[PDB]
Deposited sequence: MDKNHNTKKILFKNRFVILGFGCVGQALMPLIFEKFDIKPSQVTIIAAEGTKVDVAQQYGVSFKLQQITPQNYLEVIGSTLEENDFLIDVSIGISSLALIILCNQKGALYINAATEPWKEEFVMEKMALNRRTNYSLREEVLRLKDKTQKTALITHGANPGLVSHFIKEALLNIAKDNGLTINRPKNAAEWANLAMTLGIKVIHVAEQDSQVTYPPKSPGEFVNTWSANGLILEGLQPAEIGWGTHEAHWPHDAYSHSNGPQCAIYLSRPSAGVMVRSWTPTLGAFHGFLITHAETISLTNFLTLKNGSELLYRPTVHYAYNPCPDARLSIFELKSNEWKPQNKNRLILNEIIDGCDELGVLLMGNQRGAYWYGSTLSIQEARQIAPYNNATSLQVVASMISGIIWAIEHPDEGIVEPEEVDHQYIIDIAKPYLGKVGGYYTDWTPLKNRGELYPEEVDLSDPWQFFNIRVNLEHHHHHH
C-alpha cells in the first residue's frame, strides 16, 4: 500500500443501499484505516454481509427531522467525514450540521426530507448557502451527476489539442464556457449504454436494474428536462418553460421515459436512449453559458440519452404497461449478471473534427476483479465518490462545492484505475445519417445537431 492514505479520524456513512455497500471496498482499499474508524447508520437492514465482512459497526435507525441533530450530531467530531449515501434525508440539514461539527461531507445527490419538490429548488436552497459554511461539502458527486462533469472538461481540452489549439487550462466557468463556444459545441449528451445481462432471466412483476430501481422509476416519471442551446432553431410542440424557474431549461409534457433521443456510444454506436431527466443538467448548462452581462451569447443544449440494461428496458416497458404503476417488487442485479459492460460518458457535438465521445467503458468482468459487491454500474459511481472523498480531505475548508468547481484531472487520475478503458472517440455519425425510409421523419438537413433531428418524433 504505497498509495494508502493515512486517516486518523472516522467515516460516518448514513445509508447502506446500492451505493453504500459498493463503497466499502474502495474505502479500505484507499485508506489505511481501521474498521473501528467506520460506522454505518441505516433505516433498513440488508440480506448482505458486507458490513460483517469488514467488521464495521451497523446501527439500525430511521433518521428524522426530530432526531437527526442528536443521532447524527453525536457521531461527528471535528474533521470527521459524513459520507451521505441515503435517501429521504435533508442534504441541506445534514450539510449545516456537519459544518457546526466541523466535519466533512459528501453526497451523490441532493435530497429533501421524506414526504415531489422540484429538483431546481432543492439545489438553489442548498446553493444559497455558499458563503455561510466553512467546512467542505462536495455535492452531487457520483458518476452522473459528478464524474460526467469531469469528463466534459477533459473532452473539451482533448478536442482543443486535436484542433491544433494550444491554450492554458481554463479556471473559472466563463473560460470553460468560452472554450466550448470557440470549439463549436452545439450540444452535449450524457450518453450511457448498459449492456449487463443476467441469469436467471427477468420475472414478471418486478423492476430490475443495475442500480436503484426506484431512482430510475422516479426519474422516468418526471417530465423531460433539457438545457436549451442557443443554436436550436426549432421549438418542440409539447415544450414549455418556467418564467421563474431555470432560464436555461425547457421541459416536455411527456414523461422522460416516454421520450427517445438519438445519441452515440463507441462500443455499439448509434442508438436510441431515454431522455431521462437529471440534476446536473441545469448546473452544467449554466456552467457553459456565456453572456456580456444580461444578454446570453452562447449556450449548448444539454440532456441525458440513457439506455439501461436490457432488464431495465423490459422493466420500463412493463411499468408503462401497468399504466405507470410501479411493480410491487424491485431487484438489484449484481451477482446474477453474467456478461456485459456499462459505457458511461459524454458526447460533444458541433466541432469540425466530428462528434466526440469521452468516457468509461467498464465490463462486469473487470469490475469484479477490481472490487467485490460491485457491478459495472455501481463501481463507476463509487470510483467517483472515493475520489471526491479524497479531494475533500486535502481541501477541508472550501464550503459547499459542486463537481464543476473541482479540478477534473485530480479526480480522473484517482478514479481511472476503477473505470476500465477510458478515453475519447471521434465519429462521423450524426442523427441525420443511417436514417430509414419506411417512415420519413421530418428533418433539418441544415444542421444535424438540431434537437428537431435528435428527438425521435413518432409523428
| item | value |
| --- | --- |
| Deposited sequence positions missing from the model - stretches, numbered from 1, in order | 1 to 5, 121 to 130, 475 to 480 |
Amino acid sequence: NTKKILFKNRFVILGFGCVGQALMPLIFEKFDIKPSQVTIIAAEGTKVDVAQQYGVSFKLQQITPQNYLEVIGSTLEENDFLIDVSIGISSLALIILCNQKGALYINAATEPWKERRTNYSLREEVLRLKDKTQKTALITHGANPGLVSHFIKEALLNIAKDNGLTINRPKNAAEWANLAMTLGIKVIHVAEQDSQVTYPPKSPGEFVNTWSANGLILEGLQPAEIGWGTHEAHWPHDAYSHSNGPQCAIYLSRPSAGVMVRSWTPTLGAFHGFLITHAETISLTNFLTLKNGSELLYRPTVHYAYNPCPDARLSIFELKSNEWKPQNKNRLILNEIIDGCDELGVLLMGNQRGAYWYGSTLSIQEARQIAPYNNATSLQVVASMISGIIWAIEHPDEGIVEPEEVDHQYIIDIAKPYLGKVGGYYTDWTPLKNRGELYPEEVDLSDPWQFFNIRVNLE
From here on, numbers count along this sequence of modelled residues.
query	finding
Selected stretch [higher average CA B-factor]: 105 to 113 or 119 to 127	119 to 127
Mean temperature factor over C-alpha atoms, higher-scoring stretch between 15 to 23 and 434 to 442	434 to 442
Selection by C-alpha B-factor (highest) of 312, 290, 386, 347	290
Peak C-alpha temperature factor (PDB record), options 193, 247, 286, 378	247
Chain third (lowest, middle, highest) by recorded CA B-factor, residue given as residue 330	middle
Third of chain Cα B-factors occupied by residue 151	middle
Residue 73 - Cα temperature factor, lowest/middle/highest third of chain	highest
Residue 79 - Cα temperature factor, lowest/middle/highest third of chain	highest
Chain-wide C-alpha B factor ranking for residue 135, given as lowest, middle or highest third	highest
